[PDB]
Amino acid sequence: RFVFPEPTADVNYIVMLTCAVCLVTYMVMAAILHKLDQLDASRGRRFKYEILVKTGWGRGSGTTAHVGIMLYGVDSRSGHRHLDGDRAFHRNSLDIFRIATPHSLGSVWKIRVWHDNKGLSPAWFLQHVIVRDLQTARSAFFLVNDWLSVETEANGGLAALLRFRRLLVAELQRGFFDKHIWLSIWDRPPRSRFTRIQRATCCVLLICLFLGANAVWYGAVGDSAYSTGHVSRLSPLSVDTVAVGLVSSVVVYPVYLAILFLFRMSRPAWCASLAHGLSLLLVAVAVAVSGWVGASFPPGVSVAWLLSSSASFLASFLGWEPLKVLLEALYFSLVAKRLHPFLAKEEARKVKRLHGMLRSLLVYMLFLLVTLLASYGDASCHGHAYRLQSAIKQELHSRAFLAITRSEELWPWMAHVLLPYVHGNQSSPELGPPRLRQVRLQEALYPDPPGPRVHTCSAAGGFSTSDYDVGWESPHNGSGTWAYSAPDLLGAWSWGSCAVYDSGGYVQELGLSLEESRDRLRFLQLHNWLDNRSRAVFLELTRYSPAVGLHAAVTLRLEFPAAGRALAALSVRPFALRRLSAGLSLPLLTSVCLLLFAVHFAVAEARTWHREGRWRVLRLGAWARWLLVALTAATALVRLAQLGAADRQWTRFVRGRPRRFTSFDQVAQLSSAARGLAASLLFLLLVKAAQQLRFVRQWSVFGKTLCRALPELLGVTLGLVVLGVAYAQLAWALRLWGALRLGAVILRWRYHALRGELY
Amino acid sequence: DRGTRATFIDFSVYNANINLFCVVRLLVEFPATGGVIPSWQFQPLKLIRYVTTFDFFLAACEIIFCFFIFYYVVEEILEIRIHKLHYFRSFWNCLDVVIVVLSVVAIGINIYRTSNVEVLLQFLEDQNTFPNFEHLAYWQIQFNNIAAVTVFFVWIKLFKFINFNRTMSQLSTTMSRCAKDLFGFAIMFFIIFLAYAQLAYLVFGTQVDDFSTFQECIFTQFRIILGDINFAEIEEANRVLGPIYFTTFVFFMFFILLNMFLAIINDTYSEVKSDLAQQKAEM
Amino acid sequence: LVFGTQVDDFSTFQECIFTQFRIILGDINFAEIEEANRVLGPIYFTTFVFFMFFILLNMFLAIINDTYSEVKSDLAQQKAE
Amino acid sequence: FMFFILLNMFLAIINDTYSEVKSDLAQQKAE
Amino acid sequence: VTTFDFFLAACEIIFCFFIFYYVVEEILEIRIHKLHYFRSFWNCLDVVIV
Ligand SMILES: C[C@@H](CO)CCC[C@@H](C)[C@H]1CC[C@H]2[C@@H]3[C@@H](O)C=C4C[C@@H](O)CC[C@]4(C)[C@H]3CC[C@]12C
């Protein structure tokens, strides 16, 4: 019930890219958490009004005591300092509680306090914190405010025999976002010792272990349920992928609980510094095994593995960690039943900025991952495409075709090199007969004076659309033998030299076998099919290679700038015919994920548009956001359109394969465009990754010295262009002008000034 | 048949005048998409070294080289253990470890390969059978690829020894101080370089054959930087994104990005010289 | 050491120096450098252009750019002295 | 002597002309 | 018919966008900002050019 496959060497880039992204995000997040933890370490030793407990209820109190105060309430919790006063807690030594406690909820039960001293004390009981409404009014200035003792029952709202409910609610409210590992890298309570950074190590350990376990199960266990393979459709049954995700998460959970237990309660003297090492091994091993088991995935289970990993991550975030914190709270409540679970205020905005950067980083990394998948999901049938197109160009004698001018050697060319290429013993299986759609114009051309061409082609007119007969025009009885064959609205725009062409014109099927096709070719040659105006010829058939699984649209074009001379151009476009009805292939998943990101960016833009109101125009940020959204939406829509068009064309073909053509060319166009756009989109992201390099004190100048000198560079470019247009208005240059290294002096001066202004 | 995918032809020659075997291998590859791809390899091995006095001279120099590398590794272990620990913030000691590692790898390869010559003896038993010299040529190539990098670093290390007057010392100071800040711009420039590389690979990497591979894209960009490649084929490859890419690359990374390197060096040298000149107004 | 047997442009030693000088003028071939040694050849080519056109040829200009300004300043001050 | 020692004096002259123009303009407009 | 006149068409589109930007920018200088103040010889060119 196990197998060591090692079948092939063709690596699967999906797992490698996912692992690389998951480690890079961990590295950068740890870099941020380093400073976010150094701030807390320095701070190791409004929310409401000015709390004031200045009282003189007692005397002769030359001792010390600690008065802890807890600001209860959801999303806000913080302790308080000791009972230090103005005269060392002595007679009438009580000051206002002006302690930094930024945690305070709304009109909720934000009241909790306790006292701990060296045994007992005199009748020195400060009344309460007299803070009603001065800054935020988290509560009113009214309480019991009388004599008390140790462990004061400071209950409130806006014996205690029922310790159970109170203990459970307090423990849950304190640990519902601290023990929960996932969203705890933001809400770590101060004065703790869990270090604020190894929390990220636990998260990366979970991610890598999930990836490794899922990669092992997919393509390493197919004996017990042999349900995988050809009988397993990659489409999510919603009964199976979730199940394997859940079982993987459950089985991997205990080692996480062991490594966390070794982390928590370690200062156990110094074992924490060992634990990191363990992690830096295990994740690597996990990545390693992925890089060994994922190399031989069939091309359909890769999306299933991603879905399983996502489900596994979402499972351990929607109840498993809450279950752990709940059981911990019950264990604490039922075991030992513990009863207690401008100078220096600028740092608040720094912490807010760091939290914002940390939150945006995850979205950036997810977007980078999804666009990397959309780009390089099939970055293995890419060199094969180049080899296939080169081979097709070579065996068609492209050089011999690109060097013909007269409109007479075309027939010997086709009869000698093309027809033997189409037919034969085996001879490169074709998947489709050829076609000879042809345009006439009806606006008879005349030869130019002696000389090949003076400037360009000209004398265009209205393309003919009528019907004709053998030879040419003679409709006598009924429909013409050479019908117009009206153009389809999908598949056109070859964009030749003289004009932009379309898929309309008079066609020829060019037979099926070599003998009949050759005879018909000669028959139409002698009857003057191609000697008249006949702007274009448009020979284009097909190609398909089963070994790699790639189709190729081949198009040959001879164009007539003048009667007697031609111009040759060929285009071989390789692509992969992936239908939309093929299930949940990776391009479809990436397309439906990119639309969600586009919608998110649009929502985030409108939420600020309507918050600031209108006239937010004239800001570069809005234009940049609205162009990024448009680019993402265009990419997704073009990919989806290509997927739909492929299915449409394939169905049309399989309908009438014997004697149809079906012109797959349009698909080859869209597959190109959908591959270009994404290639640009990723580019933008990469450029952004350069700019965010400015978050280093030493390297922040490289952006300032380039944003400051922009007007000068534009002025120099303006000088260049005006001298360039002058150079032609009197009727090299660019080289000599660019050899001046003009921008260098401006950049040097700006750099010197910025460095001088940096100290 | 149609199923074949590769063909090899192998032989070797002696050329008894000088003492140098020459092994010849010819490969022909048949891709599944059709076509033929040839390749060749001629390797001048030497296996009967000890004939002339110069050979004994070379052996003696090899022994002395082993003694020298042993001396260096001993004096490096002594320094790492019996002196300052974690002395890696120098770049003058991180160079010694590289040199000694490369040298010991070269010596290990030489001991592995030179001591392995029994195939020659087997051929000399009966000389009507194909000799198997393929492994020896591979290991000779690997040994050359290591020695050629070892000598480079040995030559590079000489820069430590040139501070014998004011001018060389100040040039060294300028060159060292200008490395801490050039590092950031180098990273930010290589990021954009790789962005262009991947864009070109994705767009033109199917019909140009100069962009047919990522490293080929990098080499093509470097050649364009030198000023060697012209876009006379890119328009045929693509007319929309071809000239746009070419113009943007040749404008942003040859008129703007490439001058920050000049600016940083110019400013660093100026401030260093000014500081060293002011160092005389106090004395 | 790497290309001194099969390119024919690095056969002798001085030939290597002259070939590098021609590379400085932008006259590289690269059709044989990459096929004579697929690894360690392109590495040499790439690390040679980054350490010459970016670093080591921007240092002569820096010295000649600083000294010219310094000498003009001193000479103008002396003339106005 | 043509690419290293003689080409760069031209660039130095251009650089000095730019710097002098900048300094003179700054002095005039800040006077 | 050419591969250069399309660049000219793109430049014309960019020019139309720039004119839209300058016309959507000038109306605010008369409505929100104090109006009937053109004795500057600078607000004069801004409107006549548009
Ligand atoms: C405000 C300040 C900072 O304190 C920024 C400095 C910007 C400034 C150097 C820039 C802004 C526009 C540029 C000119 C261009 O518009 C057309 C030309 C014509 C050409 O024949 C020669 C060159 C020249 C004059 C340009 C000279 C430099 C200029 C004046």
# chains A, B, ... in the order shown; residues from 1 in each chain; ligands from 1

call {"tool": "interface_residues", "arguments": {"of": "chain B", "to": "chain A", "cutoff": "6 Å", "atoms": "only C-alpha atoms", "output": "VMD selection string"}}
result
chain B and resid 33 to 35 188 195 199 203 206 259 263

call {"tool": "residues_near_ligand", "arguments": {"ligand": "ligand 1", "cutoff": "7 Å", "atoms": "only C-alpha atoms and all ligand atoms", "output": "PyMOL selection string"}}
result
chain A and resi 711-712+715-716+718-719

call {"tool": "closest_atom_pairs", "arguments": {"of": "chain D", "to": "range 52-66 of chain C", "cutoff": "10 Å", "atoms": "only C-alpha atoms", "output": "Markdown table"}}
result
| residue | atom | partner | partner_atom | distance |
| --- | --- | --- | --- | --- |
| D:3 | CA | C:57 | CA | 9.3 |
| D:4 | CA | C:60 | CA | 6.6 |
| D:5 | CA | C:60 | CA | 7.3 |
| D:6 | CA | C:64 | CA | 9.7 |
| D:7 | CA | C:61 | CA | 8.8 |
| D:8 | CA | C:61 | CA | 5.4 |
| D:9 | CA | C:64 | CA | 6.5 |
| D:10 | CA | C:65 | CA | 9.6 |
| D:11 | CA | C:65 | CA | 7.7 |
| D:12 | CA | C:65 | CA | 4.7 |
| D:13 | CA | C:65 | CA | 8.1 |
| D:14 | CA | C:65 | CA | 9.7 |
| D:15 | CA | C:65 | CA | 7.5 |
| D:16 | CA | C:65 | CA | 8.1 |

call {"tool": "write_last_selection", "arguments": {"atoms": "N, CA, C and O atoms", "output": "compact mmCIF listing (two decimals), in the first residue's frame"}}
result
# COMPACT_ATOMS: atom_id res chain seq x y z
N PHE D 3 38.55 55.60 -25.55
CA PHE D 3 37.31 55.31 -24.84
C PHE D 3 37.39 55.57 -23.34
O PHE D 3 36.35 55.70 -22.70
N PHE D 4 38.59 55.65 -22.77
CA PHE D 4 38.74 55.75 -21.32
C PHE D 4 39.25 57.10 -20.85
O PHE D 4 38.81 57.59 -19.81
N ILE D 5 40.18 57.72 -21.58
CA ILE D 5 40.86 58.91 -21.10
C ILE D 5 40.48 60.15 -21.91
O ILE D 5 40.60 61.27 -21.41
N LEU D 6 40.02 59.97 -23.13
CA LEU D 6 39.73 61.11 -24.00
C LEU D 6 38.24 61.32 -24.21
O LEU D 6 37.81 62.47 -24.37
N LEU D 7 37.44 60.25 -24.21
CA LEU D 7 35.99 60.39 -24.27
C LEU D 7 35.42 61.05 -23.03
O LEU D 7 34.50 61.86 -23.14
N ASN D 8 35.94 60.72 -21.85
CA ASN D 8 35.36 61.18 -20.59
C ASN D 8 35.63 62.65 -20.28
O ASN D 8 34.89 63.23 -19.49
N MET D 9 36.65 63.27 -20.87
CA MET D 9 36.81 64.71 -20.68
C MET D 9 35.67 65.48 -21.32
O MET D 9 35.25 66.52 -20.81
N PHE D 10 35.15 64.98 -22.44
CA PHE D 10 33.97 65.59 -23.06
C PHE D 10 32.78 65.56 -22.10
O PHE D 10 32.08 66.57 -21.91
N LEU D 11 32.54 64.40 -21.47
CA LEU D 11 31.44 64.29 -20.52
C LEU D 11 31.68 65.16 -19.30
O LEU D 11 30.74 65.73 -18.74
N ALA D 12 32.94 65.26 -18.86
CA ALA D 12 33.27 66.13 -17.73
C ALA D 12 32.98 67.58 -18.07
O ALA D 12 32.47 68.34 -17.24
N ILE D 13 33.31 67.99 -19.30
CA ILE D 13 33.03 69.36 -19.74
C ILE D 13 31.53 69.62 -19.73
O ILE D 13 31.06 70.67 -19.28
N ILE D 14 30.75 68.66 -20.24
CA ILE D 14 29.30 68.82 -20.27
C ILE D 14 28.75 68.92 -18.84
O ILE D 14 27.90 69.77 -18.54
N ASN D 15 29.25 68.05 -17.97
CA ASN D 15 28.83 68.04 -16.58
C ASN D 15 29.13 69.36 -15.88
O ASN D 15 28.30 69.87 -15.12
N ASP D 16 30.31 69.90 -16.14
CA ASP D 16 30.71 71.17 -15.53
C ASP D 16 29.89 72.33 -16.08
O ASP D 16 29.55 73.25 -15.34

call {"tool": "residues_around", "arguments": {"residues": "residue 7 in chain E", "least_positions_apart": "4", "cutoff": "12 Å", "atoms": "only C-alpha atoms", "output": "VMD selection string"}}
result
(chain B and resid 239 to 240 243 to 244) or (chain E and resid 1 to 3 11 to 14)

call {"tool": "residues_around", "arguments": {"residues": "residue 252 in chain B", "least_positions_apart": "4", "cutoff": "12 Å", "atoms": "only C-alpha atoms", "output": "list in words"}}
result
residues 706, 713, 717 and 743 of chain A; 189, 192, 193, 196, 225, 244, 245, 246, 247, 248, 256, 257, 258, 259 and 260 of chain B

call {"tool": "write_last_selection", "arguments": {"atoms": "N, CA and C atoms", "output": "PDB file, in the first residue's frame"}}
result
ATOM      1  N   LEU A 706      15.030  59.785  -7.840  1.00  0.00           N
ATOM      2  CA  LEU A 706      14.481  59.547  -9.167  1.00  0.00           C
ATOM      3  C   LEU A 706      13.126  60.212  -9.339  1.00  0.00           C
ATOM      4  N   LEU A 713      14.369  65.293 -16.475  1.00  0.00           N
ATOM      5  CA  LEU A 713      14.466  64.233 -17.470  1.00  0.00           C
ATOM      6  C   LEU A 713      13.443  64.432 -18.581  1.00  0.00           C
ATOM      7  N   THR A 717      14.211  65.042 -22.527  1.00  0.00           N
ATOM      8  CA  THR A 717      13.552  64.260 -23.570  1.00  0.00           C
ATOM      9  C   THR A 717      12.795  65.163 -24.540  1.00  0.00           C
ATOM     10  N   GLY A 743      21.381  62.455 -18.622  1.00  0.00           N
ATOM     11  CA  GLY A 743      20.651  62.181 -17.397  1.00  0.00           C
ATOM     12  C   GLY A 743      21.546  61.911 -16.205  1.00  0.00           C
TER      13      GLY A 743
ATOM     14  N   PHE B 189      17.659  47.023  -9.576  1.00  0.00           N
ATOM     15  CA  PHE B 189      17.877  46.971 -11.013  1.00  0.00           C
ATOM     16  C   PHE B 189      17.716  45.559 -11.562  1.00  0.00           C
ATOM     17  N   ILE B 192      13.966  44.579 -11.997  1.00  0.00           N
ATOM     18  CA  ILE B 192      13.379  45.057 -13.247  1.00  0.00           C
ATOM     19  C   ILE B 192      13.962  44.301 -14.434  1.00  0.00           C
ATOM     20  N   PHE B 193      15.249  43.954 -14.356  1.00  0.00           N
ATOM     21  CA  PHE B 193      15.876  43.163 -15.408  1.00  0.00           C
ATOM     22  C   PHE B 193      15.166  41.825 -15.581  1.00  0.00           C
ATOM     23  N   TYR B 196      11.641  42.300 -17.162  1.00  0.00           N
ATOM     24  CA  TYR B 196      11.746  42.347 -18.618  1.00  0.00           C
ATOM     25  C   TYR B 196      12.061  40.976 -19.200  1.00  0.00           C
ATOM     26  N   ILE B 225      22.228  45.568 -24.313  1.00  0.00           N
ATOM     27  CA  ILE B 225      22.955  46.562 -23.531  1.00  0.00           C
ATOM     28  C   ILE B 225      24.311  46.867 -24.146  1.00  0.00           C
ATOM     29  N   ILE B 244       7.236  48.432 -28.826  1.00  0.00           N
ATOM     30  CA  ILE B 244       6.941  49.014 -27.517  1.00  0.00           C
ATOM     31  C   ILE B 244       7.931  48.498 -26.481  1.00  0.00           C
ATOM     32  N   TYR B 245       8.101  47.175 -26.428  1.00  0.00           N
ATOM     33  CA  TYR B 245       9.032  46.575 -25.481  1.00  0.00           C
ATOM     34  C   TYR B 245      10.453  47.052 -25.739  1.00  0.00           C
ATOM     35  N   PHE B 246      10.861  47.070 -27.008  1.00  0.00           N
ATOM     36  CA  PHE B 246      12.228  47.452 -27.338  1.00  0.00           C
ATOM     37  C   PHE B 246      12.501  48.892 -26.922  1.00  0.00           C
ATOM     38  N   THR B 247      11.593  49.805 -27.272  1.00  0.00           N
ATOM     39  CA  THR B 247      11.781  51.211 -26.935  1.00  0.00           C
ATOM     40  C   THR B 247      11.789  51.418 -25.426  1.00  0.00           C
ATOM     41  N   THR B 248      10.844  50.798 -24.715  1.00  0.00           N
ATOM     42  CA  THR B 248      10.785  50.970 -23.267  1.00  0.00           C
ATOM     43  C   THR B 248      12.049  50.446 -22.599  1.00  0.00           C
ATOM     44  N   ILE B 256      18.169  56.032 -17.911  1.00  0.00           N
ATOM     45  CA  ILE B 256      17.827  56.407 -16.541  1.00  0.00           C
ATOM     46  C   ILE B 256      18.448  55.446 -15.532  1.00  0.00           C
ATOM     47  N   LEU B 257      18.109  54.158 -15.624  1.00  0.00           N
ATOM     48  CA  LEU B 257      18.558  53.194 -14.624  1.00  0.00           C
ATOM     49  C   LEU B 257      20.072  53.035 -14.647  1.00  0.00           C
ATOM     50  N   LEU B 258      20.668  53.085 -15.826  1.00  0.00           N
ATOM     51  CA  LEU B 258      22.098  52.819 -15.921  1.00  0.00           C
ATOM     52  C   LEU B 258      22.957  53.993 -15.475  1.00  0.00           C
ATOM     53  N   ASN B 259      22.390  55.163 -15.185  1.00  0.00           N
ATOM     54  CA  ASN B 259      23.175  56.315 -14.764  1.00  0.00           C
ATOM     55  C   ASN B 259      23.247  56.487 -13.256  1.00  0.00           C
ATOM     56  N   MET B 260      22.381  55.815 -12.500  1.00  0.00           N
ATOM     57  CA  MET B 260      22.479  55.848 -11.046  1.00  0.00           C
ATOM     58  C   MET B 260      23.776  55.184 -10.607  1.00  0.00           C
TER      59      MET B 260
END

call {"tool": "closest_atom_pairs", "arguments": {"of": "chain B", "to": "chain C", "cutoff": "9 Å", "atoms": "only C-alpha atoms", "output": "CSV"}}
result
residue,atom,partner,partner_atom,distance
B:42,CA,C:6,CA,8.9
B:144,CA,C:2,CA,7.2
B:145,CA,C:2,CA,6.8
B:147,CA,C:1,CA,8.3
B:148,CA,C:1,CA,5.6
B:215,CA,C:42,CA,8.8
B:218,CA,C:46,CA,8.7
B:219,CA,C:46,CA,7.2
B:222,CA,C:46,CA,7.1
B:223,CA,C:28,CA,8.2
B:225,CA,C:49,CA,8.9
B:226,CA,C:26,CA,5.6
B:227,CA,C:26,CA,6.3
B:228,CA,C:26,CA,6.6
B:258,CA,C:54,CA,7.4
B:259,CA,C:54,CA,8.8
B:261,CA,C:54,CA,6.6
B:262,CA,C:58,CA,5.5
B:263,CA,C:62,CA,8.6
B:265,CA,C:62,CA,7.0
B:266,CA,C:62,CA,4.8
B:267,CA,C:62,CA,8.3
B:269,CA,C:62,CA,7.2
B:270,CA,C:66,CA,6.4

call {"tool": "write_last_selection", "arguments": {"atoms": "N, CA, C and O atoms", "output": "compact mmCIF listing (two decimals), in the first residue's frame"}}
result
# COMPACT_ATOMS: atom_id res chain seq x y z
N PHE B 42 34.83 16.99 -28.93
CA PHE B 42 36.19 16.49 -29.08
C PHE B 42 36.98 16.88 -27.84
O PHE B 42 37.05 18.07 -27.50
N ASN B 144 38.85 20.92 -15.28
CA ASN B 144 39.20 22.20 -15.89
C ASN B 144 38.26 23.30 -15.43
O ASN B 144 38.70 24.42 -15.14
N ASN B 145 36.95 23.01 -15.36
CA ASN B 145 35.99 24.02 -14.94
C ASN B 145 36.21 24.47 -13.50
O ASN B 145 35.76 25.55 -13.13
N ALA B 147 39.52 24.30 -11.93
CA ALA B 147 40.81 24.98 -11.90
C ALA B 147 40.70 26.39 -12.47
O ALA B 147 41.34 27.33 -11.96
N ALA B 148 39.91 26.57 -13.53
CA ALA B 148 39.78 27.88 -14.15
C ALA B 148 39.12 28.89 -13.23
O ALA B 148 39.34 30.10 -13.40
N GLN B 215 17.30 32.00 -19.63
CA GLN B 215 18.69 32.45 -19.63
C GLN B 215 19.08 33.03 -20.98
O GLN B 215 19.86 33.99 -21.05
N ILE B 218 18.02 36.51 -20.85
CA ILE B 218 18.96 37.34 -20.10
C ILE B 218 20.17 37.69 -20.95
O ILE B 218 20.63 38.84 -20.98
N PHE B 219 20.70 36.70 -21.67
CA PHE B 219 21.86 36.96 -22.53
C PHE B 219 21.50 37.93 -23.65
O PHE B 219 22.31 38.79 -24.02
N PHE B 222 21.50 41.40 -22.20
CA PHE B 222 22.86 41.89 -22.01
C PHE B 222 23.50 42.27 -23.33
O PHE B 222 24.22 43.28 -23.42
N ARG B 223 23.26 41.49 -24.39
CA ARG B 223 23.80 41.82 -25.70
C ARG B 223 23.21 43.13 -26.22
O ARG B 223 23.92 43.93 -26.84
N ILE B 225 22.23 45.57 -24.31
CA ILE B 225 22.95 46.56 -23.53
C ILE B 225 24.31 46.87 -24.15
O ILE B 225 24.69 48.04 -24.25
N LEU B 226 25.05 45.84 -24.56
CA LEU B 226 26.31 46.08 -25.27
C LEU B 226 26.07 46.79 -26.60
O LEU B 226 26.98 47.46 -27.11
N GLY B 227 24.89 46.65 -27.17
CA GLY B 227 24.58 47.21 -28.47
C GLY B 227 24.85 46.29 -29.64
O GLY B 227 25.41 46.74 -30.64
N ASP B 228 24.46 45.02 -29.54
CA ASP B 228 24.76 44.03 -30.57
C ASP B 228 23.52 43.56 -31.32
O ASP B 228 23.60 43.34 -32.54
N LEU B 258 20.67 53.08 -15.83
CA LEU B 258 22.10 52.82 -15.92
C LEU B 258 22.96 53.99 -15.47
O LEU B 258 24.18 53.84 -15.38
N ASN B 259 22.39 55.16 -15.19
CA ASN B 259 23.18 56.31 -14.76
C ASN B 259 23.25 56.49 -13.26
O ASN B 259 24.10 57.24 -12.77
N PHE B 261 24.21 54.17 -11.36
CA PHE B 261 25.50 53.55 -11.08
C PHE B 261 26.64 54.55 -11.20
O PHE B 261 27.54 54.56 -10.35
N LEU B 262 26.63 55.40 -12.23
CA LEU B 262 27.61 56.46 -12.35
C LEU B 262 27.48 57.49 -11.23
O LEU B 262 28.50 57.91 -10.66
N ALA B 263 26.25 57.89 -10.91
CA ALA B 263 26.03 58.93 -9.92
C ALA B 263 26.54 58.51 -8.54
O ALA B 263 27.23 59.28 -7.86
N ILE B 265 28.79 56.21 -7.71
CA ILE B 265 30.25 56.09 -7.69
C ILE B 265 30.90 57.46 -7.66
O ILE B 265 31.84 57.71 -6.90
N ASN B 266 30.38 58.36 -8.50
CA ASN B 266 30.92 59.74 -8.62
C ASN B 266 30.81 60.47 -7.27
O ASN B 266 31.80 61.11 -6.87
N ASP B 267 29.65 60.37 -6.61
CA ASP B 267 29.43 61.04 -5.33
C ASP B 267 30.29 60.43 -4.23
O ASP B 267 30.88 61.15 -3.41
N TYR B 269 33.18 58.79 -4.54
CA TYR B 269 34.58 59.16 -4.73
C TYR B 269 34.82 60.61 -4.34
O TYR B 269 35.83 60.93 -3.71
N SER B 270 33.90 61.51 -4.71
CA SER B 270 34.06 62.92 -4.37
C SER B 270 34.10 63.12 -2.86
O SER B 270 34.98 63.82 -2.34

call {"tool": "interface_residues", "arguments": {"of": "chain A", "to": "chain E", "cutoff": "12 Å", "atoms": "only C-alpha atoms", "output": "list in words"}}
result
residues 456, 457, 458, 460, 495, 496, 497, 498, 499, 500, 501, 615, 617, 618 and 619 of chain A

call {"tool": "write_last_selection", "arguments": {"atoms": "N, CA, C and O atoms", "output": "mmCIF file, in the first residue's frame"}}
result
data_model
loop_
_atom_site.group_PDB
_atom_site.id
_atom_site.type_symbol
_atom_site.label_atom_id
_atom_site.label_comp_id
_atom_site.auth_asym_id
_atom_site.auth_seq_id
_atom_site.Cartn_x
_atom_site.Cartn_y
_atom_site.Cartn_z
ATOM 1 N N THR A 456 4.313 52.532 -52.218
ATOM 2 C CA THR A 456 3.501 51.479 -51.613
ATOM 3 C C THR A 456 2.409 51.034 -52.577
ATOM 4 O O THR A 456 2.342 51.511 -53.715
ATOM 5 N N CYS A 457 1.551 50.118 -52.131
ATOM 6 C CA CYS A 457 0.367 49.766 -52.903
ATOM 7 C C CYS A 457 -0.727 50.804 -52.687
ATOM 8 O O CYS A 457 -0.768 51.488 -51.660
ATOM 9 N N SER A 458 -1.622 50.914 -53.658
ATOM 10 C CA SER A 458 -2.681 51.920 -53.630
ATOM 11 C C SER A 458 -3.779 51.479 -54.592
ATOM 12 O O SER A 458 -3.815 50.323 -55.031
ATOM 13 N N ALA A 460 -7.024 51.094 -54.006
ATOM 14 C CA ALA A 460 -7.988 50.164 -53.446
ATOM 15 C C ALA A 460 -9.411 50.606 -53.789
ATOM 16 O O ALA A 460 -9.660 51.741 -54.201
ATOM 17 N N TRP A 495 -4.604 41.342 -41.036
ATOM 18 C CA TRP A 495 -3.782 42.553 -41.004
ATOM 19 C C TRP A 495 -2.554 42.402 -41.908
ATOM 20 O O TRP A 495 -1.405 42.355 -41.462
ATOM 21 N N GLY A 496 -2.836 42.318 -43.205
ATOM 22 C CA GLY A 496 -1.800 42.287 -44.220
ATOM 23 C C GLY A 496 -1.096 43.619 -44.367
ATOM 24 O O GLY A 496 -1.029 44.426 -43.431
ATOM 25 N N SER A 497 -0.557 43.859 -45.562
ATOM 26 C CA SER A 497 0.198 45.080 -45.820
ATOM 27 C C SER A 497 -0.692 46.196 -46.363
ATOM 28 O O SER A 497 -0.695 47.310 -45.831
ATOM 29 N N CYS A 498 -1.450 45.912 -47.423
ATOM 30 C CA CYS A 498 -2.251 46.946 -48.067
ATOM 31 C C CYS A 498 -3.457 47.375 -47.242
ATOM 32 O O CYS A 498 -3.809 48.559 -47.271
ATOM 33 N N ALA A 499 -4.096 46.463 -46.524
ATOM 34 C CA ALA A 499 -5.301 46.780 -45.763
ATOM 35 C C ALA A 499 -5.464 45.728 -44.671
ATOM 36 O O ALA A 499 -4.589 44.878 -44.469
ATOM 37 N N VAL A 500 -6.590 45.788 -43.964
ATOM 38 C CA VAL A 500 -6.936 44.813 -42.931
ATOM 39 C C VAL A 500 -8.002 43.911 -43.548
ATOM 40 O O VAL A 500 -9.074 44.373 -43.951
ATOM 41 N N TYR A 501 -7.712 42.618 -43.623
ATOM 42 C CA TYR A 501 -8.531 41.682 -44.379
ATOM 43 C C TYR A 501 -9.524 40.996 -43.441
ATOM 44 O O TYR A 501 -9.545 41.241 -42.232
ATOM 45 N N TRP A 615 -14.874 64.587 -6.537
ATOM 46 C CA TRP A 615 -13.679 65.396 -6.766
ATOM 47 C C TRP A 615 -12.432 64.734 -6.194
ATOM 48 O O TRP A 615 -11.449 65.433 -5.904
ATOM 49 N N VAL A 617 -10.858 62.907 -8.129
ATOM 50 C CA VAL A 617 -10.044 62.941 -9.336
ATOM 51 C C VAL A 617 -8.895 63.927 -9.152
ATOM 52 O O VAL A 617 -8.823 64.668 -8.164
ATOM 53 N N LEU A 618 -7.967 63.903 -10.113
ATOM 54 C CA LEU A 618 -6.709 64.649 -10.099
ATOM 55 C C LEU A 618 -5.685 63.999 -9.181
ATOM 56 O O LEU A 618 -4.688 64.631 -8.816
ATOM 57 N N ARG A 619 -5.911 62.747 -8.791
ATOM 58 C CA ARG A 619 -4.984 61.987 -7.963
ATOM 59 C C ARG A 619 -4.509 60.781 -8.759
ATOM 60 O O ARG A 619 -5.327 60.044 -9.320
#

call {"tool": "residues_around", "arguments": {"residues": "range 35-49 of chain E", "least_positions_apart": "3", "cutoff": "9 Å", "atoms": "only C-alpha atoms", "output": "list in words"}}
result
residues 22, 23, 26, 29, 30, 31 and 32 of chain E

call {"tool": "residues_around", "arguments": {"residues": "residue 119 in chain B", "least_positions_apart": "5", "cutoff": "12 Å", "atoms": "only C-alpha atoms", "output": "ChimeraX atom specification"}}
result
/B:47,113-114,124-127,129-136
